[PDB]
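Chemist: Okay, here's the structure, questions in a sec.
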Amino acid sequence: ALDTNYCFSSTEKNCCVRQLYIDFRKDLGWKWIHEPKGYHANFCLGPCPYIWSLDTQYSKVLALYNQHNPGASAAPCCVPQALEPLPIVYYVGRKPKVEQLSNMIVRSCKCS
Amino acid sequence: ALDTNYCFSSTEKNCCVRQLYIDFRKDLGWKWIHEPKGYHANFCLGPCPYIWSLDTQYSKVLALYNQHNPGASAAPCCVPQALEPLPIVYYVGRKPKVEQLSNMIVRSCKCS
Amino acid sequence: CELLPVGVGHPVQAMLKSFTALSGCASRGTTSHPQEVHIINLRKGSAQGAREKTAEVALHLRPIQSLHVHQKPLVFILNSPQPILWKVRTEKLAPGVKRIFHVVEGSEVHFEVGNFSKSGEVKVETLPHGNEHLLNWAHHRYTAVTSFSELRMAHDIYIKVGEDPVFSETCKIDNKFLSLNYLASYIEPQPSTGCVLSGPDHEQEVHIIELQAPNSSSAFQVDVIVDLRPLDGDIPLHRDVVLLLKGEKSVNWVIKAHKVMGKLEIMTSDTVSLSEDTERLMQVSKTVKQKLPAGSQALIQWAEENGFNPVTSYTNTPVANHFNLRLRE
Amino acid sequence: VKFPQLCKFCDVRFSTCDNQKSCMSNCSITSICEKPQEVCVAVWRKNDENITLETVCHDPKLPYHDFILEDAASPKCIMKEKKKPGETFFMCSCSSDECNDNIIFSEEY
Amino acid sequence: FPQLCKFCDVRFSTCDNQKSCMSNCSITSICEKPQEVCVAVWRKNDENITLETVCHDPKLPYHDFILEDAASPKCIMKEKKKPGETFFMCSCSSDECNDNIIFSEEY
């Protein structure tokens with residue numbers, strides 16, 4: 001539900017999606033990729049408050065535990081919700097081919 | 001795989017369920033259920049290196065980025081996968097009722 | 001798709017499942033007594049389906065949460081209105097422990113593994129129907145009762161054998177007393193409205209279940225059990241179905257599929273869990289948590305916009321917590 | 001209130017505290033009221049042989065034991081003595097959660 | 001780990017009679033069969049400078065030439081005379097043969 005535009009246009013300290021650029025060669029070592037050389041791979045981060053878009057009841061229970069027990073070292077975490085596929089084109093032998101590296105760019109985040 | 005037995009028989013620092021006693025009145029502050037006054041919800045905790053049960057290739061991408069760039073603070077988080085409903089008995093008016101509060105016992109933890 | 005009552009043969013059957021007891025009490029004072037006594041005062045239900053066949057009631061015995069293995073002898077005063085076959089499906093109980101089942105005339109005790117039958121004993125006695133009279137008889141023949149429970153007639157009875165320290169040392173039948181250690185599970189049909197737009201397709205099917213409330217007085221998330229098994233016979237089937245689960249409140253959908261194969265698509269606005277039986281037997285796509293529309297027609301149109309058309313069937317159950325899905329051959 | 005009050009809902013039973021300035025219901029049942037509108041209600045009757053204490057969820061609009069409830073919005077269960085013949089009758093009502101659990105016959109002093 | 005190899009077709013290289021230069025091949029591809037080794041052929045001539053890089057099985061000759069250098073993990077250019085222009089053939093089986101191109105150890 002929390003799209004990238006919502007947190008990019010307006011900064012929200014809650015669980016959101018933060019900008020981060022990942023290059024295939026230097027970062028991931030995917031030296032077999034032709035194009036793009038890198039891309040923007042936003043990552044989910046941000047503390048989770050009780051009053052926010054939460055789906056799992058366990059996350060709500062753990063958030064309430066933290067509220068009533070601030071020192072617990074166990075709180076719901078900000079993790080990817082919807083991951084966008086990455087369209088790439090490269091060469092197999094001497095034949096061009098276009099593939100879709102599924103779940104490569106973050107588009108949503110969730111507290112769980 | 002990363003169930004209660006796996007991480008309770010042997011101590012593993014990676015993503016798994018760890019013991020946690022959830023008390024409604026004291027730890028959770030819930031008083032709308034007569035009993036169980038308290039139960040066990042083993043919470044997900046522990047980081048996952050690159051070589052782990054990373055179902056989504058984006059998690060592998062984050063792990064590789066962190067390994068090559070430790071100063072990124074963008075790594076997969078330990079999240080419950082399958083949660084067991086908890087039976088509860090509570091009174092509404094003068095009528096007792098037994099319900100199943102779903103997704104508050106965490107058994108399987110993945111990384112994402 | 002006119003909202004009309006759902007027929008018996010509809011592939012979606014909506015049932016409400018609840019664990020409850022008519023009354024009962026528990027006592028930890030039987031610790032001194034070398035033998036523990038549990039009373040299950042079954043009461044005949046209003047259902048007319050039990051006329052000739054002798055009702056056979058199973059039993060599920062487990063150690064209490066505070067105990068891992070139970071070895072003390074357990075006496076069961078299983079008074080019933082009529083003779084019943086007691087299929088004692090024990091569990092996590094040490095073998096060789098004597099288990100005296102005081103039962104009405106004509107009632108038999110059957111055990112899954114013969115070891116329990118060889119070690120156990122069955123005594124046939126005539127016992128009063130009244131709960132107070134039965135408790136007095138138990139006190140007279142044993143001097144104490146570990147627990148008493150008046151339950152309506154049912155097919156299974158989950159008992160957690162053991163003396164719970166929370167309960168006092170005295171047992172007093174209280175209509176407001178209810179505990180997890182002694183419960184009887186009941187399931188009954190619930191009204192629903194729906195339609196069938198397309199017939200059974202062997203390629204891919206779309207069955208939509210709409211839920212308004214899980215019949216819970218609280219405002220939290222509870223489990224909604226959806227069963228998926230062949231409509232006729234035990235022959236496994238290779239079929240693909242689409243499940244659009246709508247919950248106005250928060251409800252976690254637990255889907256259990258038995259003897260079904262193929263690919264299953266689940267779309268809902270609430271978290272979904274799948275039993276290992278469904279996971280191994282069938283390939284279920286990872287659902288994306290979407291703010292689905294509201295109303296039968298809106299959800300139907302949304303699904304048609306995703307290509308998962310035509311709708312095999314749509315059904316809506318205002319009040320229930322259990323669903324059964326049956327696949328036509 | 002969207003969430004109905006969580007009131008102690010033990011029916012008539014024997015009690016140990018008599019006309020105490022502050023007392024606790026000692027009720028082991030903390031039930032969600034059938035409706036949000038109804039609030040916690042506590043009644044305390046004293047006779048020549050025994051004393052009874054009853055805690056329930058009751059609608060303040062509807063009189064209880066032939067007595068209208070005007071302390072519905074009271075954050076605490078403020079106890080008013082009634083003119084019940086023969087026996088001594090006290091009754092309090094409160095809209096807070098588990099508020100009837102704590103009983104104050106006379107908070108004064 | 002991924003193996004990077006030069007798979008550019010017959011192109012022109014600005015490094016003639018040079019000790020070593022960049023791969024001068026922005027195109028990267030994965031070989032059709034796993035056993036294929038990566039062969040670079042150089043035919044520098046006065047008229048023009050032409051080089052090619054492909055990936056193929058060591059057993060099958062390339063341009064009617066026997067590839068006996070496929071056992072070398074790194075691309076080392078062996079010199080063979082050919083009418084018109086000199087021939088320099090290297091074959092590599094190790095990963096990442098595009099790091100640099102070596103024509104002769106001696107400068």
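So you can find residues: chains in the structure tokens are A, B, ... in the order shown, residues in each start at 1, and ligands are numbered from 1 in order.
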Report as a PyMOL selection string the set of chain A residues whose atoms approach chain B to within 10 Å, with distances computed over only C-alpha atoms.

Modeler: chain A and resi 18+20-24+26-29+41-45+56-69+72-81+83-85+101-106+111-112

Chemist: Need the shell around residue 92 of chain A: protein/DNA/RNA residues with any atom at most 12 Å away, counting only C-alpha atoms. Skip same-chain ones fewer than 4 positions apart. Format as a PyMOL selection string?

Modeler: (chain A and resi 32-34+96-99) or (chain E and resi 5+7+27-34+54-55)

Chemist: Just how far from atom CA of residue 299 of chain C is atom CA of residue 14 of chain C, in Å to one decimal?

Modeler: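 So the answer is 19.2 Å.
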
Chemist: Using the chain letters and numbers from this document, which residues of segment 18-54 of chain E does DSSP assign to strand (DSSP E or B), as a PyMOL selection string?

Modeler: chain E and resi 20-21+28-30+37-42+51-54

Chemist: Please produce a file of the residues just selected, as a tab-separated table (two decimals), in the first residue's frame, where the atoms kept are C-alpha atoms.

Modeler:
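Okay, this is what ended up in selection_34.tsv:
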```tsv
chain	number	residue	atom	x	y	z
E	20	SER	CA	48.57	-5.10	-23.96
E	21	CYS	CA	45.34	-3.09	-23.98
E	28	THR	CA	29.59	-9.84	-23.20
E	29	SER	CA	27.75	-13.13	-23.65
E	30	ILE	CA	27.43	-16.54	-22.00
E	37	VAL	CA	36.49	-22.13	-24.24
E	38	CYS	CA	36.89	-18.51	-25.31
E	39	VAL	CA	39.13	-17.92	-28.33
E	40	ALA	CA	40.52	-14.57	-29.44
E	41	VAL	CA	42.00	-14.27	-32.94
E	42	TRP	CA	44.05	-11.30	-34.14
E	51	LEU	CA	40.35	-8.99	-34.40
E	52	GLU	CA	37.56	-11.31	-33.29
E	53	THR	CA	36.57	-13.15	-30.12
E	54	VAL	CA	34.16	-16.07	-29.83
```

Chemist: Got a sec to align chain B on chain A by every in-order Cα pair and hand back the fitted coordinates as a PDB file with C-alpha atoms, in the first residue's frame?

Modeler:
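Generated file (part-v7.pdb):
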```pdb
ATOM      1  CA  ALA B   1       0.237   3.454   0.103  1.00  0.00           C
ATOM      2  CA  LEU B   2       3.865   3.221   1.253  1.00  0.00           C
ATOM      3  CA  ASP B   3       5.079   3.364  -2.340  1.00  0.00           C
ATOM      4  CA  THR B   4       8.012   5.228  -3.867  1.00  0.00           C
ATOM      5  CA  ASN B   5       6.015   8.436  -4.305  1.00  0.00           C
ATOM      6  CA  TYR B   6       4.886   8.552  -0.674  1.00  0.00           C
ATOM      7  CA  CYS B   7       8.376   8.323   0.839  1.00  0.00           C
ATOM      8  CA  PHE B   8      10.137  10.309  -1.908  1.00  0.00           C
ATOM      9  CA  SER B   9       7.809  13.323  -1.964  1.00  0.00           C
ATOM     10  CA  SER B  10       8.140  13.543   1.832  1.00  0.00           C
ATOM     11  CA  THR B  11      10.783  12.129   4.154  1.00  0.00           C
ATOM     12  CA  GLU B  12       9.278   9.471   6.434  1.00  0.00           C
ATOM     13  CA  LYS B  13      11.418   7.486   8.870  1.00  0.00           C
ATOM     14  CA  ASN B  14       8.901   4.633   9.090  1.00  0.00           C
ATOM     15  CA  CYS B  15       8.822   1.450   7.008  1.00  0.00           C
ATOM     16  CA  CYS B  16       9.040   2.417   3.332  1.00  0.00           C
ATOM     17  CA  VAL B  17      11.187   2.230   0.199  1.00  0.00           C
ATOM     18  CA  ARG B  18      14.360   4.332   0.217  1.00  0.00           C
ATOM     19  CA  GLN B  19      16.532   5.105  -2.792  1.00  0.00           C
ATOM     20  CA  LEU B  20      19.362   2.710  -3.643  1.00  0.00           C
ATOM     21  CA  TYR B  21      21.440   2.422  -6.819  1.00  0.00           C
ATOM     22  CA  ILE B  22      22.244  -1.246  -7.488  1.00  0.00           C
ATOM     23  CA  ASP B  23      25.269  -1.741  -9.752  1.00  0.00           C
ATOM     24  CA  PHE B  24      25.883  -5.238 -11.099  1.00  0.00           C
ATOM     25  CA  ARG B  25      29.648  -5.095 -11.597  1.00  0.00           C
ATOM     26  CA  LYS B  26      30.656  -2.918  -8.635  1.00  0.00           C
ATOM     27  CA  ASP B  27      27.949  -3.046  -5.961  1.00  0.00           C
ATOM     28  CA  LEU B  28      26.568  -6.500  -6.804  1.00  0.00           C
ATOM     29  CA  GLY B  29      29.572  -8.050  -8.551  1.00  0.00           C
ATOM     30  CA  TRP B  30      27.381  -9.458 -11.331  1.00  0.00           C
ATOM     31  CA  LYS B  31      28.977  -9.552 -14.786  1.00  0.00           C
ATOM     32  CA  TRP B  32      26.747 -12.103 -16.557  1.00  0.00           C
ATOM     33  CA  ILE B  33      24.378  -9.384 -17.845  1.00  0.00           C
ATOM     34  CA  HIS B  34      25.578  -6.948 -20.496  1.00  0.00           C
ATOM     35  CA  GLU B  35      23.110  -4.251 -19.415  1.00  0.00           C
ATOM     36  CA  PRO B  36      21.524  -2.515 -17.577  1.00  0.00           C
ATOM     37  CA  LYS B  37      24.922  -2.091 -15.905  1.00  0.00           C
ATOM     38  CA  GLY B  38      23.015  -0.491 -13.027  1.00  0.00           C
ATOM     39  CA  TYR B  39      19.452   0.273 -11.952  1.00  0.00           C
ATOM     40  CA  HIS B  40      17.404   1.467  -8.973  1.00  0.00           C
ATOM     41  CA  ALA B  41      15.987  -0.892  -6.338  1.00  0.00           C
ATOM     42  CA  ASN B  42      14.442   1.140  -3.516  1.00  0.00           C
ATOM     43  CA  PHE B  43      14.937  -0.997  -0.414  1.00  0.00           C
ATOM     44  CA  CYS B  44      12.588  -1.404   2.537  1.00  0.00           C
ATOM     45  CA  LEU B  45      13.721   0.291   5.740  1.00  0.00           C
ATOM     46  CA  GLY B  46      12.299   1.999   8.800  1.00  0.00           C
ATOM     47  CA  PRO B  47      10.537   0.746  11.933  1.00  0.00           C
ATOM     48  CA  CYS B  48       6.768   0.744  12.373  1.00  0.00           C
ATOM     49  CA  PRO B  49       5.109   1.922  15.616  1.00  0.00           C
ATOM     50  CA  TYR B  50       1.989   0.147  16.865  1.00  0.00           C
ATOM     51  CA  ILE B  51      -0.260   2.529  14.888  1.00  0.00           C
ATOM     52  CA  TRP B  52       0.791   1.496  11.386  1.00  0.00           C
ATOM     53  CA  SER B  53      -0.138  -0.791   8.491  1.00  0.00           C
ATOM     54  CA  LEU B  54       0.289  -3.940  10.577  1.00  0.00           C
ATOM     55  CA  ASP B  55      -1.659  -6.464   8.512  1.00  0.00           C
ATOM     56  CA  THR B  56      -0.928  -9.400  10.843  1.00  0.00           C
ATOM     57  CA  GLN B  57      -2.150  -9.089  14.418  1.00  0.00           C
ATOM     58  CA  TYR B  58       1.100 -10.751  15.506  1.00  0.00           C
ATOM     59  CA  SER B  59       2.878  -7.595  14.356  1.00  0.00           C
ATOM     60  CA  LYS B  60       0.545  -5.578  16.577  1.00  0.00           C
ATOM     61  CA  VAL B  61       1.321  -7.972  19.432  1.00  0.00           C
ATOM     62  CA  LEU B  62       5.051  -7.423  18.938  1.00  0.00           C
ATOM     63  CA  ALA B  63       4.584  -3.653  18.777  1.00  0.00           C
ATOM     64  CA  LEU B  64       2.584  -3.653  22.012  1.00  0.00           C
ATOM     65  CA  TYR B  65       5.136  -5.899  23.726  1.00  0.00           C
ATOM     66  CA  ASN B  66       7.964  -3.584  22.674  1.00  0.00           C
ATOM     67  CA  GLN B  67       6.026  -0.507  23.802  1.00  0.00           C
ATOM     68  CA  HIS B  68       5.301  -2.008  27.224  1.00  0.00           C
ATOM     69  CA  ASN B  69       8.691  -3.792  27.332  1.00  0.00           C
ATOM     70  CA  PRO B  70      11.226  -1.738  25.345  1.00  0.00           C
ATOM     71  CA  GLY B  71      14.005  -4.150  26.308  1.00  0.00           C
ATOM     72  CA  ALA B  72      12.674  -7.001  24.174  1.00  0.00           C
ATOM     73  CA  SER B  73      14.399  -6.624  20.790  1.00  0.00           C
ATOM     74  CA  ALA B  74      11.392  -8.421  19.261  1.00  0.00           C
ATOM     75  CA  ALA B  75       9.539  -6.015  16.967  1.00  0.00           C
ATOM     76  CA  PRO B  76       8.129  -6.207  13.432  1.00  0.00           C
ATOM     77  CA  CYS B  77      10.571  -5.651  10.581  1.00  0.00           C
ATOM     78  CA  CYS B  78      10.139  -3.686   7.360  1.00  0.00           C
ATOM     79  CA  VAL B  79       9.684  -6.108   4.456  1.00  0.00           C
ATOM     80  CA  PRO B  80       8.897  -5.663   0.740  1.00  0.00           C
ATOM     81  CA  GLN B  81       5.315  -6.551  -0.169  1.00  0.00           C
ATOM     82  CA  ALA B  82       5.102  -6.185  -3.970  1.00  0.00           C
ATOM     83  CA  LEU B  83       8.236  -6.176  -6.130  1.00  0.00           C
ATOM     84  CA  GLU B  84       8.406  -5.133  -9.778  1.00  0.00           C
ATOM     85  CA  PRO B  85      10.397  -7.338 -12.195  1.00  0.00           C
ATOM     86  CA  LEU B  86      13.420  -5.720 -13.833  1.00  0.00           C
ATOM     87  CA  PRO B  87      14.032  -6.065 -17.590  1.00  0.00           C
ATOM     88  CA  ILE B  88      17.565  -7.096 -18.546  1.00  0.00           C
ATOM     89  CA  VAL B  89      19.477  -7.781 -21.756  1.00  0.00           C
ATOM     90  CA  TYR B  90      22.296 -10.325 -21.718  1.00  0.00           C
ATOM     91  CA  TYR B  91      24.096 -12.546 -24.213  1.00  0.00           C
ATOM     92  CA  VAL B  92      24.207 -16.341 -24.053  1.00  0.00           C
ATOM     93  CA  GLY B  93      26.741 -17.611 -26.538  1.00  0.00           C
ATOM     94  CA  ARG B  94      26.363 -15.310 -29.536  1.00  0.00           C
ATOM     95  CA  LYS B  95      22.610 -14.869 -28.960  1.00  0.00           C
ATOM     96  CA  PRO B  96      21.299 -11.765 -27.167  1.00  0.00           C
ATOM     97  CA  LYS B  97      18.228 -12.270 -25.007  1.00  0.00           C
ATOM     98  CA  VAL B  98      15.927 -10.021 -22.986  1.00  0.00           C
ATOM     99  CA  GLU B  99      14.601 -11.457 -19.720  1.00  0.00           C
ATOM    100  CA  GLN B 100      12.583 -10.205 -16.741  1.00  0.00           C
ATOM    101  CA  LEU B 101      14.466 -10.794 -13.481  1.00  0.00           C
ATOM    102  CA  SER B 102      11.493 -10.823 -11.123  1.00  0.00           C
ATOM    103  CA  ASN B 103      11.281  -9.373  -7.626  1.00  0.00           C
ATOM    104  CA  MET B 104      14.308  -7.084  -7.614  1.00  0.00           C
ATOM    105  CA  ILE B 105      12.570  -3.679  -7.710  1.00  0.00           C
ATOM    106  CA  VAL B 106      10.839  -3.061  -4.378  1.00  0.00           C
ATOM    107  CA  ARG B 107       7.895  -0.648  -4.383  1.00  0.00           C
ATOM    108  CA  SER B 108       5.647  -1.561  -1.432  1.00  0.00           C
ATOM    109  CA  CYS B 109       6.921  -2.103   2.108  1.00  0.00           C
ATOM    110  CA  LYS B 110       4.836  -3.565   4.926  1.00  0.00           C
ATOM    111  CA  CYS B 111       5.718  -4.469   8.513  1.00  0.00           C
ATOM    112  CA  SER B 112       5.875  -8.007   9.893  1.00  0.00           C
TER     113      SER B 112
END
```

Chemist: Which residues are close to residue 206 of chain C, i.e. within 12 Å by only C-alpha atoms, leaving aside same-chain residues fewer than 6 positions away? Reply as a PyMOL selection string.

Modeler: chain C and resi 11-12+196-200+239-245+263-267+300+303-304+306-315+325+327

Chemist: Can you write out the residues you just picked, keeping C-alpha atoms, as an mmCIF file, in the first residue's frame?

Modeler:
```cif
data_model
loop_
_atom_site.group_PDB
_atom_site.id
_atom_site.type_symbol
_atom_site.label_atom_id
_atom_site.label_comp_id
_atom_site.auth_asym_id
_atom_site.auth_seq_id
_atom_site.Cartn_x
_atom_site.Cartn_y
_atom_site.Cartn_z
ATOM 1 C CA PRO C 11 -18.740 -26.483 -4.181
ATOM 2 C CA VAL C 12 -18.467 -23.962 -1.311
ATOM 3 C CA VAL C 196 -22.521 -20.066 -10.266
ATOM 4 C CA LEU C 197 -21.404 -18.279 -13.441
ATOM 5 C CA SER C 198 -19.239 -20.980 -15.055
ATOM 6 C CA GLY C 199 -19.235 -24.744 -14.729
ATOM 7 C CA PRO C 200 -16.415 -26.987 -13.558
ATOM 8 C CA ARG C 239 -7.099 -29.272 -10.771
ATOM 9 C CA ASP C 240 -6.413 -25.540 -10.708
ATOM 10 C CA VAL C 241 -8.680 -23.214 -8.728
ATOM 11 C CA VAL C 242 -8.614 -19.511 -7.829
ATOM 12 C CA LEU C 243 -9.629 -18.389 -4.335
ATOM 13 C CA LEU C 244 -10.675 -14.759 -3.835
ATOM 14 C CA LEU C 245 -11.119 -14.487 -0.069
ATOM 15 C CA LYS C 263 -1.848 -24.897 -9.166
ATOM 16 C CA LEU C 264 -3.909 -22.701 -6.854
ATOM 17 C CA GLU C 265 -4.205 -18.911 -6.956
ATOM 18 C CA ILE C 266 -5.216 -17.052 -3.789
ATOM 19 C CA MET C 267 -6.026 -13.324 -3.815
ATOM 20 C CA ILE C 300 -16.058 -10.133 -9.506
ATOM 21 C CA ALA C 303 -11.116 -10.522 -10.961
ATOM 22 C CA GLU C 304 -12.431 -10.380 -14.528
ATOM 23 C CA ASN C 306 -7.134 -9.800 -14.034
ATOM 24 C CA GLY C 307 -8.054 -12.504 -16.561
ATOM 25 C CA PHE C 308 -9.118 -15.038 -13.906
ATOM 26 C CA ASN C 309 -12.486 -15.451 -15.606
ATOM 27 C CA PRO C 310 -15.118 -16.787 -15.871
ATOM 28 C CA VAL C 311 -15.947 -17.150 -12.156
ATOM 29 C CA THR C 312 -16.561 -20.808 -11.349
ATOM 30 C CA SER C 313 -18.704 -19.782 -8.375
ATOM 31 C CA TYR C 314 -19.178 -16.980 -5.860
ATOM 32 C CA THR C 315 -20.426 -17.382 -2.292
ATOM 33 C CA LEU C 325 -14.315 -26.535 -0.872
ATOM 34 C CA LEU C 327 -13.941 -30.222 -6.520
#
```

Chemist: Find the residues around segment 101-103 of chain E up to 8 Å (only C-alpha atoms counted), leave out those fewer than 6 positions away in its own chain, and share them as a list in words.

Modeler: residues 18, 19, 20, 21, 22, 23, 75, 76, 77, 78 and 88 of chain E

Chemist: Which residues of chain C sit at most 9 Å from chain B, using only C-alpha atoms? Give each one's shortest atom pair and distance in Å (one decimal place), in chain and ascending residue order, as JSON lines.

Modeler:
```
{"residue": "C:18", "atom": "CA", "partner": "B:98", "partner_atom": "CA", "distance": 6.8}
{"residue": "C:19", "atom": "CA", "partner": "B:98", "partner_atom": "CA", "distance": 5.7}
{"residue": "C:20", "atom": "CA", "partner": "B:98", "partner_atom": "CA", "distance": 6.7}
{"residue": "C:176", "atom": "CA", "partner": "B:96", "partner_atom": "CA", "distance": 6.7}
{"residue": "C:177", "atom": "CA", "partner": "B:96", "partner_atom": "CA", "distance": 7.9}
{"residue": "C:178", "atom": "CA", "partner": "B:96", "partner_atom": "CA", "distance": 7.0}
{"residue": "C:179", "atom": "CA", "partner": "B:89", "partner_atom": "CA", "distance": 7.0}
{"residue": "C:180", "atom": "CA", "partner": "B:89", "partner_atom": "CA", "distance": 7.3}
{"residue": "C:216", "atom": "CA", "partner": "B:99", "partner_atom": "CA", "distance": 7.3}
{"residue": "C:217", "atom": "CA", "partner": "B:92", "partner_atom": "CA", "distance": 7.0}
{"residue": "C:218", "atom": "CA", "partner": "B:32", "partner_atom": "CA", "distance": 8.5}
{"residue": "C:220", "atom": "CA", "partner": "B:101", "partner_atom": "CA", "distance": 7.3}
{"residue": "C:221", "atom": "CA", "partner": "B:101", "partner_atom": "CA", "distance": 5.8}
{"residue": "C:222", "atom": "CA", "partner": "B:101", "partner_atom": "CA", "distance": 4.3}
{"residue": "C:223", "atom": "CA", "partner": "B:102", "partner_atom": "CA", "distance": 4.7}
{"residue": "C:224", "atom": "CA", "partner": "B:102", "partner_atom": "CA", "distance": 8.4}
{"residue": "C:251", "atom": "CA", "partner": "B:102", "partner_atom": "CA", "distance": 7.5}
{"residue": "C:252", "atom": "CA", "partner": "B:102", "partner_atom": "CA", "distance": 6.0}
{"residue": "C:253", "atom": "CA", "partner": "B:102", "partner_atom": "CA", "distance": 8.6}
{"residue": "C:254", "atom": "CA", "partner": "B:102", "partner_atom": "CA", "distance": 8.8}
{"residue": "C:271", "atom": "CA", "partner": "B:103", "partner_atom": "CA", "distance": 8.5}
{"residue": "C:272", "atom": "CA", "partner": "B:82", "partner_atom": "CA", "distance": 8.8}
{"residue": "C:273", "atom": "CA", "partner": "B:82", "partner_atom": "CA", "distance": 6.2}
{"residue": "C:274", "atom": "CA", "partner": "B:82", "partner_atom": "CA", "distance": 7.8}
{"residue": "C:275", "atom": "CA", "partner": "B:82", "partner_atom": "CA", "distance": 8.9}
```
